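What follows is a short report on a single structure.
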Amino acid sequence: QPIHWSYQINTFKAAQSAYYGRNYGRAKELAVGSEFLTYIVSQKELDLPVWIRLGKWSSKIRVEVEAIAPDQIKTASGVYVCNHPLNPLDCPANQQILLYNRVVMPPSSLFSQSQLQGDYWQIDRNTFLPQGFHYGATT
Amino acid sequence: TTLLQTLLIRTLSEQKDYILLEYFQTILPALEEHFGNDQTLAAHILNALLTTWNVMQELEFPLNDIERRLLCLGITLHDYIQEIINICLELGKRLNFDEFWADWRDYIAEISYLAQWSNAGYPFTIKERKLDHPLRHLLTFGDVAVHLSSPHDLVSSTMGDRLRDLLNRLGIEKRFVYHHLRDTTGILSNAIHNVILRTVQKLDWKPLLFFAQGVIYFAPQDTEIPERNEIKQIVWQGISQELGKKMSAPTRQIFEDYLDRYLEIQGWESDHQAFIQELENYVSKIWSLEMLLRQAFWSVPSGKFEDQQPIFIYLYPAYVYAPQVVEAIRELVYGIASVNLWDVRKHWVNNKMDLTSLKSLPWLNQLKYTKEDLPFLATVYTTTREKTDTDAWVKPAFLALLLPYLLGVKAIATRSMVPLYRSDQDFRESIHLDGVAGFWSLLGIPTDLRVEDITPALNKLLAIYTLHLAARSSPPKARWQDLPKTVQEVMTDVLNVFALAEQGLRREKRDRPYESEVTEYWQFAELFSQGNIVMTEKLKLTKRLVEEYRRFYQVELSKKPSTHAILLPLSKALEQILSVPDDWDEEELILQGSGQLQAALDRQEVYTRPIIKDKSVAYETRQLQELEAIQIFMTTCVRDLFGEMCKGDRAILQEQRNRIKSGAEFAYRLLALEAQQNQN
Amino acid sequence: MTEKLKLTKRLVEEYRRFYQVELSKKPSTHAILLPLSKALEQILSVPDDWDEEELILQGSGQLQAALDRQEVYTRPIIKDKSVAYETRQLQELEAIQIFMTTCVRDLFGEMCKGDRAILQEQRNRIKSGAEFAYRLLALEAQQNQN
Amino acid sequence: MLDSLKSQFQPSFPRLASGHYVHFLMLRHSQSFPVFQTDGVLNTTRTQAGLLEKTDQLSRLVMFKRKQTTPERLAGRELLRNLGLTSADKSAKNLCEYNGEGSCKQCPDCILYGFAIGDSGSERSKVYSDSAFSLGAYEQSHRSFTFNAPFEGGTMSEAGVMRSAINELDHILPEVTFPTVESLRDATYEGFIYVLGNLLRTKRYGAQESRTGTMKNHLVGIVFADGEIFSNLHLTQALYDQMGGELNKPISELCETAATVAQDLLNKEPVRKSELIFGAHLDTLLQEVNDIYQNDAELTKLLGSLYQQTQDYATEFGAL
Amino acid sequence: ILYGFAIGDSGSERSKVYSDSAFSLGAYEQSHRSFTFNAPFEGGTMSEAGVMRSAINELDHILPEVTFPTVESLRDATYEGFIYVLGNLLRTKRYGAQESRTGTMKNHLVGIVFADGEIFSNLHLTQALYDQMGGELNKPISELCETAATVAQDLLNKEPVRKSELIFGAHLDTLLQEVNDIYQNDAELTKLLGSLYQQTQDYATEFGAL
């Protein structure tokens, strides 16, 4: 989920290495002035790296990470609006999507917001994370 | 009128909406002064009023005409109980509520309650609280509705629960429905949107909010949703009939998939067995069609187009438009004047540099464009007939700052036919300017501006245009090819504002400034210095420096004197500092320079020396006042001009010598004008 | 040491110690800067091959033999009747030799780098500062005496 | 020194990546007026001024990954052609051209800096790197210079009409410093000497290399690690804060401070660090690697061995 | 071919002569002066009908005997191409604005170094030369050129570049004399630059714009 973002449109090209020359493109990049929020879920304690690289230019991200303690999660089931993004390909049985808004993207479109029926984790009073998602679970 | 009034008052009826016409006639022009200067509070309040008005218009019995006036005032105060009854009294007379109706202060008990229970000692004016039921539920409808950011923001329970249950409490019996289009593309997206509008309008859906990517509609509760397979072939027939009429006086196949990829009407059936196919497909001719629509309907050239220097300004909404304001922006984009900076200067140098004057100029050429498409992506475009870039950019850069200041819209100015598409926090700047001529980067004005910065930018841009057109221009031919040199000298050292003034005088074949221009060019120096201390200090010092020598030397400007005369003590202070060996101290330079000033004054005729010329006072004290008036000036020139500002370096004083001398001549004329006025 | 700059007040007070005129007499610039005009004339006039220590005795003798060409009203050492005349002269000739050595070393040698071309271009400017410094010092004495 | 470091490197290029990073910490100093441009203006971004929770924002020049990696890359290809390990002639068996279908699949450049032809092969860059940032603010750090171009006859007019050649350009100033980390993964000893070669041997960057853009790459440390260390931005924000913004200090004091901030940072990030070459261990590494790059016989042996390692990788694991 | 082209159809060519901005060895304050310029009317005065003439400004000029250290660099030349570029460096004499009146300079070539790639920066040679004198820069031009030859050799020994040939001192003032013997002889010079013409024309039709 994008918390703060900015875009730069910067051109890039292929080089004239030879002394004689006779293509090029514009990249709308997300800029250094930006911060995004994600959540990882695991069965076990995880040594997550404090630096990662993304995208066309192997671009550095600072990851600052906190474990959500059992004093602030709760488990429940019913109907909930997920304010986070979600990938519909990873949606299991025992979750169903009632309503959704999408962001169209290769390799697959995401939901940017959805109403679901199924089990969830109230990790704070204003976000709900779908329980039991795993890579390709619809497929 | 302001441009925003001028556009809005065309959208309203001849009759039975007149109270909203009294708002545009009287409250609006005061509003955009106080709230006008992300989102702007003037555009929030305007959309808030219109959205409350448009629900009030649907209400199944009409509320009484006394309540309508209080709805309009309360929604105007609401972002700013005895601790509030005074703050509506203080603000309401400043916002000209007395021109809307003088009675408004009588209703202050209700007007303060609508803008935030007790009676508080102020008994209610309203006929019964049977009117306070619909009134508060109307007022709270617009206030929620104008903080939506996308057509989907009605489907999330986060704001949609209250927007439904307020509609339920108002008893409207009409449901929210949407269309949304996730890719926006010049004329083609505007055509797609307006074919959805005309197609759903035959189902008696009526639009309630407009967004950059879609519409929300009030609709019947017993309505069939239009079927996916019908609106797809209709919007193909739609674009095909408009290009059809142009030709008369693959492209379906890629387009039918383009709607199924990017269009949604609320409640069309989908399964997530579709996103399996979207991944399987992963394991354009559209923008060429959109360009063909620009050639057809904007009348831009085929195959030769960069040589017309086409710059496009794209006017996105701030967040939400009400139905009346998208109609107002229709009257803009088809009716905008081809701007001439020659009268824009004249109406801003007149009116004493207040950019709020710019609101009043004739920016256009009771709606006349009702057959034209509603502008979801409102683009305006320039053409110029000299062939250079700075000449291409001067009008777009001005328009791209101006239109956000007049209308609260968000601008991108670009050579690019594809825009940045705006959305709820892409909106975090008001303006972008993609690749302006280097006069922009030289001024150091940002290429991206937040809404608070737009009036600083308009001030610097008009101050440099109104300074370039004075010198390095000719009356029929503005010579914007020289604008980068006019900017580079003004930015290097602020006294160059007076160096440019003097160039103007020489072109004009005039030896002396008018009395008006002596303050005008000072307000430009005082304007360009605003953020920089070292320039502000130099401008304060240059006035003080002459205000000190004007204690002991005064050539009367009526006798039409030379610059040599006006500057006799400054020219002898500088010529002594610069000519003397670089080894000698400041505290010796002051004595030899005050000696030379004393020797020079004794060579002038007596009437030029204010301290000696009054024989009313004894000679030994006239001498003491002359020696201390010379000494304090010589101490300012050697300490503050040479020592402090010019860092004690003779190269840095020698390059500034002539800019100081021009600035001091304008300062002497400003002090003389100030004396001959304030002596009354 | 600092004496490469900031000379001018000491240069004038060192002749004000042996020669004066009151500004109440409304005097000429030529009567105010008289000692310095004789000192600078001597430095610039005599052949340029002569170095510092011969100039001082000549320039002092040009100034003692020129203040005795004027009224005792202008000599606030020879005018002090409290002292025997040979001891007035012992004070007079040590004031002149101390001023005139500051004109040959400090002014000409240090401040003008010992170059007659540098001294010549800035002679009028040096003189002007001594006229003003003389007036500035004259306006101190009436302050300390009241 | 280098004879002990031969212990750290891999013996031949592996198929799958490993987690053996050798990191080069550098200060790139402008020497003459570089032009880090796209779209006709000098590249900048807004950033926090330094790491201690500042309210204070600062627009600093950005030298993009492209703008620094390609001048290093092309200066490696030139050396390989000087040695006769690759050639420019189309009829030779060792042709390489910089990007196209005729790009090689075996030469040291193609394996260390990568290629993508398509179905005919692709290879990931082993030199990882970041966009570099100016230590100071943009407003302190650039100037715009006029440029004109008359007729050879000394004159802006020909046939009495003016030539349209006058324009501004924006130029970086001759002492502004760009802290950088360049990082090399899973390399052989000879691959490390080739890449460290490029870092020290190349000297011109940005636009207009024919007339401008000379830079001095002062290497400040080498750090062997189990993963990647800090970003360029994080090194620049640490260095600005260690100076408190008092930026007008001589280049060698700025290099000596850059070593102390680097060691202060490396202690805080959780990757294990095999070696830390700084100070007098770096200044002996630099002289003994300069002595390879000044000797005809040892460099022709050493880069020839890189060739074999990379030709062997090409036939065993690469695109054949 | 050697200095490049980029206007119009048929592509663009990178200059094989590589050049840089050069810096004064001394500070700006010791190294320039401002002069005033007038332009009176031909009747010999600055007024033409009693109307004054607005033609008095001042311009700053670099003093004589101030030195600008440089390395200019030539990539992939033939031997005649080297003689052409070296010819330009010895045969040119004017540099600044107002060539018609000003800006004569004396280029002393202090070394020629054959290398696989670029040696130290222009700023770096200047800062090395300033340090070698400690800023005592008021030295005669021969003592200054002989010092520049020695600081240049110190710096070359810290560069990661194979150096094939280093022409300095007695080998350079022989080479400069052998080049003066070309540029004073019409037959040698017409032969030598005619040959370059062919080489550059051959290059044009085989790899360049033809």
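Going through the structure tokens in order, the chains are called A, B, and so on, while each chain numbers its residues from 1 and the ligands are numbered from 1 in the order shown.
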
Within 9 Å of chain B, which residues of chain E show up? Give each one with its shortest atom-to-atom distance in Å (one decimal) and the two atoms involved, counting only C-alpha atoms, rows by chain then rising residue number, as JSON lines.
```
{"residue": "E:29", "atom": "CA", "partner": "B:651", "partner_atom": "CA", "distance": 7.5}
{"residue": "E:33", "atom": "CA", "partner": "B:651", "partner_atom": "CA", "distance": 8.4}
{"residue": "E:34", "atom": "CA", "partner": "B:654", "partner_atom": "CA", "distance": 7.9}
{"residue": "E:57", "atom": "CA", "partner": "B:658", "partner_atom": "CA", "distance": 8.9}
{"residue": "E:58", "atom": "CA", "partner": "B:655", "partner_atom": "CA", "distance": 8.8}
{"residue": "E:60", "atom": "CA", "partner": "B:655", "partner_atom": "CA", "distance": 8.9}
```

Could the residues in this selection be saved with C-alpha atoms as a compact mmCIF listing (two decimals), in the first residue's frame?
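Saved file again-v1.txt follows:
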```txt
# COMPACT_ATOMS: atom_id res chain seq x y z
CA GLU E 29 42.92 38.33 -6.96
CA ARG E 33 42.56 43.58 -13.69
CA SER E 34 39.55 45.70 -14.78
CA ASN E 57 32.01 50.40 -19.53
CA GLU E 58 34.67 48.33 -17.97
CA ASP E 60 38.00 42.42 -16.65
```

Taking the DSSP secondary structure from the backbone, can you list the residues of chain E that are strand (DSSP E), as a PyMOL selection string?
chain E and resi 12-13+17-18+32-38+56-62+73-74+112-115+163-167

Please save N, CA, C and O atoms of the selected residues as a compact mmCIF listing (two decimals), in the first residue's frame.
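This went into out.txt:
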```txt
# COMPACT_ATOMS: atom_id res chain seq x y z
N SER E 12 26.32 11.70 -36.45
CA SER E 12 27.22 12.48 -35.61
C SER E 12 28.48 11.69 -35.24
O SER E 12 28.46 10.47 -35.21
N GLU E 13 29.56 12.40 -34.97
CA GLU E 13 30.90 11.86 -34.78
C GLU E 13 31.52 12.43 -33.51
O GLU E 13 31.59 13.65 -33.34
N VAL E 17 39.88 14.17 -30.21
CA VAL E 17 40.49 15.10 -29.28
C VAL E 17 39.57 15.31 -28.08
O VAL E 17 38.49 15.87 -28.20
N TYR E 18 40.03 14.89 -26.91
CA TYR E 18 39.43 15.05 -25.59
C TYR E 18 40.10 16.19 -24.83
O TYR E 18 41.31 16.21 -24.63
N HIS E 32 44.12 39.07 -12.34
CA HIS E 32 43.24 39.82 -13.24
C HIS E 32 43.23 41.32 -12.95
O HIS E 32 43.55 41.73 -11.84
N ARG E 33 42.80 42.15 -13.91
CA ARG E 33 42.56 43.58 -13.69
C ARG E 33 41.40 44.06 -14.56
O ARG E 33 41.19 43.55 -15.65
N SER E 34 40.67 45.06 -14.09
CA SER E 34 39.55 45.70 -14.78
C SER E 34 40.02 46.95 -15.49
O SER E 34 40.64 47.80 -14.86
N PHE E 35 39.73 47.11 -16.77
CA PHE E 35 40.14 48.27 -17.55
C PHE E 35 38.90 48.99 -18.05
O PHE E 35 38.01 48.38 -18.63
N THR E 36 38.88 50.28 -18.17
CA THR E 36 37.73 50.93 -18.75
C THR E 36 37.80 51.14 -20.24
O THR E 36 38.86 51.43 -20.75
N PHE E 37 36.70 50.97 -20.98
CA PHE E 37 36.66 51.23 -22.40
C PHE E 37 35.72 52.35 -22.82
O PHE E 37 34.59 52.35 -22.40
N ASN E 38 36.16 53.29 -23.64
CA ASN E 38 35.34 54.36 -24.15
C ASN E 38 35.17 54.20 -25.59
O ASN E 38 35.90 53.48 -26.21
N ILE E 56 30.72 53.90 -22.00
CA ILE E 56 31.80 53.73 -21.12
C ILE E 56 31.56 52.59 -20.22
O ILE E 56 30.85 52.73 -19.24
N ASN E 57 32.11 51.44 -20.51
CA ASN E 57 32.01 50.40 -19.53
C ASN E 57 33.36 49.90 -19.19
O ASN E 57 34.32 50.47 -19.62
N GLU E 58 33.43 48.89 -18.37
CA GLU E 58 34.67 48.33 -17.97
C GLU E 58 34.62 46.86 -18.17
O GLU E 58 33.57 46.27 -18.10
N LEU E 59 35.75 46.27 -18.46
CA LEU E 59 35.86 44.83 -18.69
C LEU E 59 37.05 44.30 -17.91
O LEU E 59 38.03 45.02 -17.73
N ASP E 60 36.96 43.07 -17.42
CA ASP E 60 38.00 42.42 -16.65
C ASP E 60 38.83 41.52 -17.56
O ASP E 60 38.28 40.73 -18.32
N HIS E 61 40.15 41.59 -17.45
CA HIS E 61 41.09 40.88 -18.28
C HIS E 61 42.12 40.19 -17.40
O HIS E 61 42.54 40.71 -16.37
N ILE E 62 42.52 39.00 -17.78
CA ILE E 62 43.50 38.17 -17.09
C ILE E 62 44.88 38.76 -17.31
O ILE E 62 45.20 39.16 -18.42
N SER E 73 44.01 15.48 -24.70
CA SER E 73 44.20 14.05 -24.93
C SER E 73 43.67 13.62 -26.29
O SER E 73 42.60 14.04 -26.69
N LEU E 74 44.37 12.76 -27.01
CA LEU E 74 43.97 12.33 -28.35
C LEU E 74 43.81 10.81 -28.36
O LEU E 74 44.75 10.11 -28.00
N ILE E 112 54.64 14.62 -23.55
CA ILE E 112 53.72 13.88 -24.41
C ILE E 112 53.80 12.50 -23.75
O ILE E 112 54.89 12.04 -23.53
N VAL E 113 52.68 11.86 -23.38
CA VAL E 113 52.66 10.55 -22.70
C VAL E 113 51.75 9.56 -23.40
O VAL E 113 50.57 9.78 -23.47
N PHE E 114 52.25 8.42 -23.83
CA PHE E 114 51.47 7.43 -24.57
C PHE E 114 50.93 6.50 -23.50
O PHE E 114 51.72 6.08 -22.69
N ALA E 115 49.62 6.19 -23.46
CA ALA E 115 49.01 5.44 -22.36
C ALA E 115 47.74 4.69 -22.75
O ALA E 115 47.01 5.13 -23.62
N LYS E 163 52.25 2.87 -19.58
CA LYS E 163 52.76 4.05 -20.24
C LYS E 163 53.81 3.62 -21.21
O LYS E 163 54.93 3.33 -20.82
N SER E 164 53.47 3.60 -22.48
CA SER E 164 54.38 3.13 -23.49
C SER E 164 55.55 4.02 -23.77
O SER E 164 56.62 3.50 -24.04
N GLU E 165 55.38 5.32 -23.71
CA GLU E 165 56.43 6.24 -24.09
C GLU E 165 56.16 7.50 -23.35
O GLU E 165 55.01 7.88 -23.24
N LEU E 166 57.20 8.16 -22.84
CA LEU E 166 57.05 9.37 -22.06
C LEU E 166 58.05 10.33 -22.63
O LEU E 166 59.22 10.25 -22.29
N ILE E 167 57.62 11.23 -23.50
CA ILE E 167 58.49 12.18 -24.15
C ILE E 167 58.56 13.42 -23.25
O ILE E 167 57.57 14.11 -23.14
```

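Omitting residue 13 in chain A and its sequence neighbours fewer than 5 positions away, and counting only C-alpha atoms, the residues within 9 Å are residues 23, 24, 25 and 26 of chain A.
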
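Every protein or nucleic acid residue with an atom no more than 8 Å from residue 23 in chain D, counting only C-alpha atoms and leaving out same-chain residues fewer than 4 positions away, appears here: residues 181, 182, 183, 184, 222, 223, 224, 225 and 228 of chain D.
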
Grab the residues selected above and save them as a CSV table (one decimal), in the first residue's frame with C-alpha atoms.
```csv
chain,number,residue,atom,x,y,z
D,181,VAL,CA,28.9,2.1,-2.8
D,182,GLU,CA,29.5,-0.3,-5.8
D,183,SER,CA,29.0,-4.0,-4.9
D,184,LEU,CA,30.2,-7.1,-6.7
D,222,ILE,CA,36.5,-2.4,0.6
D,223,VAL,CA,34.2,-4.6,2.8
D,224,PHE,CA,33.6,-8.3,2.3
D,225,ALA,CA,30.1,-9.4,3.6
D,228,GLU,CA,24.5,-6.0,1.0
```

Test item: chain D residues at most 8 Å from chain E, counting only C-alpha atoms, as a PyMOL selection string
chain D and resi 31-33+79+82+197+200-203+209-212+214-216+287+289-296

Each chain A residue no farther than 8 Å from chain E, nearest pair in Å, only C-alpha atoms, as a tab-separated table:
```
residue	atom	partner	partner_atom	distance
A:19	CA	E:14	CA	5.1
A:20	CA	E:13	CA	4.6
A:21	CA	E:12	CA	5.4
A:22	CA	E:11	CA	4.3
```

Please produce a file of the residues just selected, as an mmCIF file, in the first residue's frame, where the atoms kept are C-alpha atoms.
```cif
data_model
loop_
_atom_site.group_PDB
_atom_site.id
_atom_site.type_symbol
_atom_site.label_atom_id
_atom_site.label_comp_id
_atom_site.auth_asym_id
_atom_site.auth_seq_id
_atom_site.Cartn_x
_atom_site.Cartn_y
_atom_site.Cartn_z
ATOM 1 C CA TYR A 19 32.894 7.052 -32.694
ATOM 2 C CA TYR A 20 30.125 7.380 -35.374
ATOM 3 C CA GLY A 21 26.366 7.262 -34.552
ATOM 4 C CA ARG A 22 23.082 7.400 -36.503
#
```

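The protein and nucleic acid residues lying at most 10 Å from residue 478 in chain B are residues 341, 342, 391, 465, 468, 469, 470, 471, 472, 473, 474, 475, 481, 482 and 483 of chain B, with only C-alpha atoms considered and sequence neighbours fewer than 3 positions away removed.
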
Could you write out as a compact mmCIF listing (two decimals) with N, CA, C and O atoms, in the first residue's frame the residues of chain A within 8 Å of chain D, counting only C-alpha atoms?
```
# COMPACT_ATOMS: atom_id res chain seq x y z
N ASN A 10 11.79 10.49 -16.01
CA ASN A 10 13.16 10.70 -16.48
C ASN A 10 13.42 9.85 -17.74
O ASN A 10 13.15 8.65 -17.75
N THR A 11 13.92 10.45 -18.81
CA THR A 11 14.32 9.70 -20.01
C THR A 11 15.53 8.79 -19.80
O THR A 11 16.40 9.11 -19.00
N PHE A 12 15.58 7.68 -20.53
CA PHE A 12 16.74 6.81 -20.68
C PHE A 12 16.95 6.37 -22.13
O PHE A 12 15.98 6.28 -22.89
N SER A 17 28.56 3.89 -28.34
CA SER A 17 29.92 3.42 -28.04
C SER A 17 30.91 3.66 -29.19
O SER A 17 32.06 4.03 -28.95
N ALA A 31 9.72 7.93 -6.81
CA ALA A 31 10.90 8.69 -6.42
C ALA A 31 11.39 8.42 -4.99
O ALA A 31 10.66 7.89 -4.15
N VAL A 32 12.61 8.86 -4.68
CA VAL A 32 13.25 8.75 -3.35
C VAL A 32 12.38 9.28 -2.22
O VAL A 32 12.31 8.67 -1.16
N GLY A 33 11.66 10.38 -2.42
CA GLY A 33 10.65 10.86 -1.47
C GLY A 33 9.39 9.97 -1.36
O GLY A 33 8.29 10.49 -1.54
N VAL A 50 17.16 -6.04 5.92
CA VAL A 50 16.92 -4.59 6.11
C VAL A 50 17.17 -3.74 4.85
O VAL A 50 16.80 -2.57 4.80
N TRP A 51 17.64 -4.37 3.76
CA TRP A 51 17.69 -3.82 2.41
C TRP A 51 17.19 -4.83 1.38
O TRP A 51 17.58 -5.99 1.40
N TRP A 57 15.66 -1.39 -12.54
CA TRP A 57 16.93 -0.77 -12.20
C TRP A 57 17.51 -1.23 -10.87
O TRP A 57 18.49 -0.66 -10.40
N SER A 58 16.96 -2.31 -10.30
CA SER A 58 17.47 -3.00 -9.11
C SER A 58 17.70 -2.02 -7.97
O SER A 58 18.78 -1.88 -7.41
N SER A 59 16.62 -1.33 -7.66
CA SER A 59 16.61 -0.06 -6.93
C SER A 59 16.41 -0.30 -5.45
O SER A 59 15.57 -1.12 -5.06
N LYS A 60 17.19 0.38 -4.61
CA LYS A 60 17.30 0.10 -3.17
C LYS A 60 16.08 0.56 -2.40
O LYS A 60 15.63 1.69 -2.53
```

Please, which residues in chain B fall within 9 Å of chain A when counting only C-alpha atoms, and what is the closest atom pair and distance in Å to one decimal for each, ordered by chain then residue number, as JSON lines?
```
{"residue": "B:152", "atom": "CA", "partner": "A:101", "partner_atom": "CA", "distance": 6.9}
{"residue": "B:155", "atom": "CA", "partner": "A:99", "partner_atom": "CA", "distance": 7.9}
{"residue": "B:156", "atom": "CA", "partner": "A:81", "partner_atom": "CA", "distance": 7.1}
{"residue": "B:157", "atom": "CA", "partner": "A:81", "partner_atom": "CA", "distance": 7.3}
{"residue": "B:158", "atom": "CA", "partner": "A:81", "partner_atom": "CA", "distance": 8.4}
{"residue": "B:182", "atom": "CA", "partner": "A:104", "partner_atom": "CA", "distance": 8.1}
{"residue": "B:261", "atom": "CA", "partner": "A:104", "partner_atom": "CA", "distance": 7.9}
{"residue": "B:262", "atom": "CA", "partner": "A:104", "partner_atom": "CA", "distance": 7.9}
{"residue": "B:272", "atom": "CA", "partner": "A:88", "partner_atom": "CA", "distance": 6.8}
{"residue": "B:273", "atom": "CA", "partner": "A:138", "partner_atom": "CA", "distance": 8.3}
{"residue": "B:275", "atom": "CA", "partner": "A:108", "partner_atom": "CA", "distance": 6.5}
{"residue": "B:276", "atom": "CA", "partner": "A:139", "partner_atom": "CA", "distance": 7.1}
{"residue": "B:278", "atom": "CA", "partner": "A:108", "partner_atom": "CA", "distance": 6.0}
{"residue": "B:279", "atom": "CA", "partner": "A:108", "partner_atom": "CA", "distance": 5.4}
{"residue": "B:280", "atom": "CA", "partner": "A:107", "partner_atom": "CA", "distance": 8.9}
{"residue": "B:281", "atom": "CA", "partner": "A:107", "partner_atom": "CA", "distance": 8.8}
{"residue": "B:282", "atom": "CA", "partner": "A:107", "partner_atom": "CA", "distance": 5.9}
{"residue": "B:283", "atom": "CA", "partner": "A:107", "partner_atom": "CA", "distance": 8.0}
{"residue": "B:420", "atom": "CA", "partner": "A:28", "partner_atom": "CA", "distance": 8.8}
{"residue": "B:425", "atom": "CA", "partner": "A:5", "partner_atom": "CA", "distance": 7.7}
{"residue": "B:426", "atom": "CA", "partner": "A:6", "partner_atom": "CA", "distance": 7.1}
{"residue": "B:428", "atom": "CA", "partner": "A:6", "partner_atom": "CA", "distance": 8.3}
{"residue": "B:434", "atom": "CA", "partner": "A:9", "partner_atom": "CA", "distance": 8.7}
```

Chain B residues within 9 Å of chain D, counting only C-alpha atoms: which ones, as a ChimeraX atom specification?
/B:434-435,437-438,441-442,444,484

Keeping only N, CA and C atoms, write the selected residues as an mmCIF file, in the first residue's frame.
```cif
data_model
loop_
_atom_site.group_PDB
_atom_site.id
_atom_site.type_symbol
_atom_site.label_atom_id
_atom_site.label_comp_id
_atom_site.auth_asym_id
_atom_site.auth_seq_id
_atom_site.Cartn_x
_atom_site.Cartn_y
_atom_site.Cartn_z
ATOM 1 N N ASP B 434 6.576 20.078 -17.366
ATOM 2 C CA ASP B 434 7.496 19.155 -18.009
ATOM 3 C C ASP B 434 8.438 19.879 -18.979
ATOM 4 N N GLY B 435 9.603 20.284 -18.480
ATOM 5 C CA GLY B 435 10.721 20.631 -19.352
ATOM 6 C C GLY B 435 10.655 22.043 -19.918
ATOM 7 N N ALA B 437 11.515 25.999 -20.792
ATOM 8 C CA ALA B 437 12.709 26.633 -21.299
ATOM 9 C C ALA B 437 13.560 27.053 -20.148
ATOM 10 N N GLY B 438 14.826 27.250 -20.411
ATOM 11 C CA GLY B 438 15.743 27.446 -19.286
ATOM 12 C C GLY B 438 15.609 28.746 -18.496
ATOM 13 N N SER B 441 14.367 27.476 -15.007
ATOM 14 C CA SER B 441 15.373 26.900 -14.128
ATOM 15 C C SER B 441 16.303 28.001 -13.627
ATOM 16 N N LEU B 442 16.594 28.995 -14.468
ATOM 17 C CA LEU B 442 17.375 30.169 -14.105
ATOM 18 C C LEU B 442 16.695 30.994 -13.004
ATOM 19 N N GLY B 444 14.927 29.799 -10.740
ATOM 20 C CA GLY B 444 14.962 28.923 -9.569
ATOM 21 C C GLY B 444 13.570 28.631 -9.011
ATOM 22 N N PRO B 484 16.014 34.677 -21.110
ATOM 23 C CA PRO B 484 17.043 34.064 -20.282
ATOM 24 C C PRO B 484 18.131 35.021 -19.804
#
```

Need to verify the contact set: residue 130 in chain E, 8 Å, only C-alpha atoms, exclusion of same-chain residues closer than 5 positions in sequence. Can you return it as a PDB file with N, CA and C atoms, in the first residue's frame?
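The result, written out as result_5.pdb:
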```pdb
ATOM      1  N   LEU E  25      46.849  28.695 -12.117  1.00  0.00           N
ATOM      2  CA  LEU E  25      47.687  28.241 -11.023  1.00  0.00           C
ATOM      3  C   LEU E  25      47.642  29.182  -9.818  1.00  0.00           C
ATOM      4  N   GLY E  26      47.493  30.486 -10.038  1.00  0.00           N
ATOM      5  CA  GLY E  26      47.333  31.483  -8.979  1.00  0.00           C
ATOM      6  C   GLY E  26      45.875  31.835  -8.696  1.00  0.00           C
ATOM      7  N   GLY E 135      52.697  27.693  -3.322  1.00  0.00           N
ATOM      8  CA  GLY E 135      52.176  29.000  -3.720  1.00  0.00           C
ATOM      9  C   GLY E 135      53.197  30.124  -3.929  1.00  0.00           C
ATOM     10  N   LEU E 137      54.469  31.430  -6.392  1.00  0.00           N
ATOM     11  CA  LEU E 137      54.276  31.361  -7.843  1.00  0.00           C
ATOM     12  C   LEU E 137      55.007  32.399  -8.699  1.00  0.00           C
TER      13      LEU E 137
END
```
